[PDB]
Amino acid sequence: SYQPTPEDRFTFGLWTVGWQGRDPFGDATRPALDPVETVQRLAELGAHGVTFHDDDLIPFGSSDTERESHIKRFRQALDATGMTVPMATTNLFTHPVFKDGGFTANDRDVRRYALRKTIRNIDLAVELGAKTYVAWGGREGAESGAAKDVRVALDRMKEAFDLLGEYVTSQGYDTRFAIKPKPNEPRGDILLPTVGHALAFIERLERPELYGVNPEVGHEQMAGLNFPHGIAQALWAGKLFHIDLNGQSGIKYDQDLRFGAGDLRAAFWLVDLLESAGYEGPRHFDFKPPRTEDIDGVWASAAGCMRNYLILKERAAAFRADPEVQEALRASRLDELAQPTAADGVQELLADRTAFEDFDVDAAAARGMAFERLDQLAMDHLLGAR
């Protein structure tokens, strides 16, 4: 087959297969899953680990003894299966108190509470061995213009991230942060709407080396953006700390379909990029099995996430290893793209007449790039017609 094993580093959040199907126009179609039950069936499917929001593991408003009790049972299922916890995050979007945001809520007291709720879950994550802590600011934003002064809201967002950075620094924790962008939903527009806005923001933080991004396929596609290109810019910057894989069919509400569904060619170019750049983190799936499905359809969907990644990995490796493709890449001058434009510097370039006054503009313009032949070769490989 294309069978997962933990070496594939496939991970899933408790809230993915655990989604009960409650949406904006409909009630839950499935019962709540026990986290222990999820750890056991994911290990049987070939998964390497699980991730969690604090409120996915410990129900909101738990007493301290109830909390110890929930953390205990989960720690026990983990130990018995060999499953790891590579990443964790905080829910700063479900409770009504976060209706205007967490870190950038207009009310000062909710911002402080958002910070304490996050620090408590960071202590727990480190204990369970997580090395990345994600922040998805889903309620940071606005539906209307005067409701949020975005320059002041970015001051408060930077304040919170700097505060968390000094906190993990004083404790000597080995954990880093990853910002998860999303352009809209549940808010009209969300602050730091794309991988680019998140990367630019991090450069203004006090300790920038502590923070990176955790891009999600469907989010960048909700802005009509090219997800493989955004990932290539995060890898060029040395900031791809983690990644969430799923599917989306266009610019519409966030679907969280299983990976491979939605834009299939972009899932092929994404796998090709992650494998050839040697990304070594978790291949995390942040998807929601459709609410039409019962619990068997939930595990069939999660199995399909891992399967589609292993089929696409195989076809992309076969495409880059093919002699005919290597030759087509040379024909489209991808080798010359790797050459410096002007390693001898600006003074030699200005003195070079072949670069301007003697350049044959029309002879260069008539060279076809042979890109369509190359792309049909990539299509034959993806489709297994070679």
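Numbers follow the displayed sequence, beginning with 1.
Engineer: Test of understanding: from the entry's C-alpha B-factors, which stretch has the higher mean, 191-199 or 108-116?
Structural biologist: According to the entry, 108-116 carries the higher average C-alpha B-factor.
Engineer: Please work out which of 373-381 and 16-24 has the higher mean CA B-factor as recorded in the PDB entry.
Structural biologist: Taking the mean C-alpha B-factor of 373-381 and of 16-24, the larger value falls to 16-24.
Engineer: Which has the highest CA B-factor per the PDB entry: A178, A302, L235, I71?
Structural biologist: Across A178, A302, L235, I71, the entry lists the biggest C-alpha B-factor for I71.
Engineer: According to the Cα B-factor stored in this entry, which of the following is highest: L337, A355, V50, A318?
Structural biologist: Within the set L337, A355, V50, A318, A355 shows the top C-alpha B-factor.
Engineer: For the chain shown, is the CA B-factor of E185 in the lowest, middle or highest third of its modelled residues?
Structural biologist: For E185, whose C-alpha B-factor we compare with every modelled residue in the chain, the answer is the lowest third.
Engineer: Going by the recorded CA B-factors, say which third of the chain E127 sits in, lowest, middle or highest.
Structural biologist: Answer is highest: the recorded C-alpha B-factor places it there.
Engineer: According to the PDB entry, is the CA B factor of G137 in the bottom, middle or top third of its chain, that is, lowest, middle or highest?
Structural biologist: Top third by C-alpha B-factor.
Engineer: Lowest, middle or highest third: which one holds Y173 when the chain's residues are ordered by CA B-factor from the entry?
Structural biologist: Its C-alpha B-factor belongs to the highest third of this chain's values.
Engineer: Considering every modelled residue of the chain and its Cα B-factor in the PDB entry, is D162 in the lowest, middle or highest third?
Structural biologist: For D162, the deposited C-alpha B-factor lands in the middle third.
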